[PDB]
Amino acid sequence: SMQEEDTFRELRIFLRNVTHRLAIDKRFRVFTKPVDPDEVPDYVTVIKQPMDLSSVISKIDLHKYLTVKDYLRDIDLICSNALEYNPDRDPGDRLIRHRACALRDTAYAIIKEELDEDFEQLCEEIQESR
Ligand SMILES: CN(C)S(=O)(=O)c1cc(NC(=O)CN2C(=O)N[C@@]3(CCCc4ccccc43)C2=O)ccc1Cl
């Protein structure tokens, strides 16, 4: 239905908006681009599923996210990746970890204040119908 198409369009608009607000925050600049594969060759095989906010925006546009649940799974992945790759006690790693927990916490906070639970539920019930 056109009504279902319209619902998924509203979700994409919503997710693009959350993602943009993350990507323009100076704290989250490191998470806006893939890890350059030369600058860092070991990334690839330490991190099984790389993920960044640019990839998130491409996945939105390719209609990969049918629920906010699915989108927050990728944000959790950016955070978990950052914590796993940068575990050390040194200030370099600790700043990334702090920033990666802040990205996570900010995304969940935006969604908690701005996503209608009835919109998320609709999205889940359409998704379940596929
Ligand atoms: C910080 N971590 C390594 S992370 O939390 O695991 C991570 C990182 C990234 N993305 C980046 O680090 C982007 N990035 C590069 O790979 N190289 C850049 C671009 C070229 C200029 C430059 C100069 C200095 C340092 C880096 C770079 C850059 O911005 C994405 C996700 C995660 Cl989880």
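Residues numbered from 1 in each chain as written, not as in the entry; some residues may be left out. Heavy atoms only, no water.

The record names X-ray crystallography as the way this model was obtained, at a resolution of 2.01 Å.

The PDB entry annotates the protein chain as ATPase family AAA domain-containing protein 2 of Homo sapiens. Its official PDB title, as written in the record, is "Crystal structure of human ATAD2 bromodomain in complex with N-(4-chloro-3-(N,N-dimethylsulfamoyl)phenyl)-2-(2,5-dioxo-3',4'-dihydro-2'H-spiro[imidazolidine-4,1'-naphthalen]-1-yl)acetamide".

Undergrad: I tried to follow the overall build of the protein chain on my own but got confused; where do I start?
TA: Scanning the protein chain from N- to C-terminus turns up 6 helices and 0 strands. What you see in the protein chain, going N to C, is helices and strands ordered as α-α-α-α-α-α. Based on the C-alpha atoms only, the size of the protein chain along its principal axes is roughly 50 × 30 × 25 Å. Within the protein chain, the fraction of its 130 residues that count as buried is 37%. Partitioning the contacts of the protein chain with sequence separation of at least 6, the portion at a separation of at least 24 is 73%. Here the protein chain displays about 8300 Å² of accessible surface, and carbon together with sulfur accounts for 52% of that area. Distance between charge centres in the protein chain, computed from 20 positive and 28 negative side chains, equals 4 Å. (Helix = DSSP H or I, 4+ residues; strand = E, 2+ residues; numbered from the N terminus. Buried < 20%, exposed > 50% of the residue type's maximum accessible area, 1.4 Å probe, protein only. Contact = heavy atoms within 4.5 Å. Areas by Shrake-Rupley, 256 points an atom, 1.4 Å probe, with all protein chains shown as cover. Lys, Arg positive; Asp, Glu negative; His and termini not counted. Charge placed at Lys NZ, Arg CZ, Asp CG, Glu CD.)

Undergrad: Which parts of the structure should I look at to understand helix α6 (residues 117–129)?
TA: A turn of α-helix holds 3.6 residues, and therefore any two residues three or four places apart point the same way. Across its 13 residues, α6 extends 18 Å between first and last C-alpha, which sits within 8% of the 18 Å expected from 1.5 Å per residue. What α6 keeps buried is the set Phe119, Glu120, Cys123 and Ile126. Here the buried residues of α6 occupy an arc of 125 degrees about the axis, which is enough to place them on one side. Turned more than 90 degrees away from the buried face of α6, the exposed residues are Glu117, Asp118, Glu128 and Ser129. Next to the buried residues of α6 lie α1 (2–23) and α4 (68–85). The opening residue of α6, the one whose side-chain oxygen lies 3.0 Å from the backbone nitrogen of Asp118, is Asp116. (Expected span 1.5 Å × (residues − 1). Arc of directions from axis to C-beta. Polar contact = N/O pair within 3.5 Å; in protein donor to acceptor, adjacent residues only side chain to side chain.)

Undergrad: How should I be thinking about the pattern of salt bridges in this particular structure?
TA: Where charged atoms of side chains with opposite charge meet at close range, the side chains can pair. By the definition in use, this model includes 7 salt bridges. Between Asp25 and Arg27 there is a salt bridge; the shortest N-O distance is 2.9 Å. When its relative accessible area of 22% is taken as the criterion, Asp25 is described as partly exposed. One salt bridge connects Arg104 with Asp105, and the closest N-O pair in it is separated by 2.8 Å. Since its relative accessible area comes to 26%, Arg104 is described here as partly exposed. (Salt bridge = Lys/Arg side-chain N within 4 Å of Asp/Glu carboxyl O.)

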